[PDB]
């Protein structure tokens, strides 16, 4: 039931997207913030100092580089987006970044997850204490992955026609309604005219 941090990526009849949701037990005092071409997970007012207690709770969860949208549960969002910006195919950008940064060094060896999608293809990846996996996202269906339990891509009928709807869906919609401890969500959606961002709170 508790999947921790979750991300979804893919395309539906309305367009392409990436969605992100923070689920948390020990660090629930966080929200999402939209800035230029990116969405950051940051502490809510009055909890700024939490970033000094744990180095894995504040980071950009979404980055937009040209026609590409990158989503992840950590600072590797920037590592991956930067490589894409400097010229590197999606598979290698995710693969190299995850191989180098590796799983998080906390009490649970929390995995680093990520995905990236452009106009022609998409990839999803994860690195844990047991391995590294980067795979092409099925053209026929959107998928999601999480840091706990669902540490493997899983198909999902992700319905959404805007970033607002995408963020809401991963937060409280469909099968995601059953995953516990929701805190905040964000998403990027491209209906063909460019990437738009949005966030949703409980």
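Positions refer to the first chain, counted from 1.
For the pair 140-148 and 56-64, the mean B factor over Cα atoms is greater in 140-148. Residue-level temperature factors show residue 87 in the highest third of its chain, judged at the C-alpha atom. In the PDB entry, a CA B factor belonging to the middle third of its chain's modelled residues is recorded for residue 118.
When the modelled residues of the chain are ordered by C-alpha B-factor, residue 69 sits in the middle third. In the PDB entry, a CA B factor belonging to the lowest third of its chain's modelled residues is recorded for residue 197. Sort the chain's modelled residues by C-alpha temperature factor and residue 187 lands in the lowest third, per the entry.
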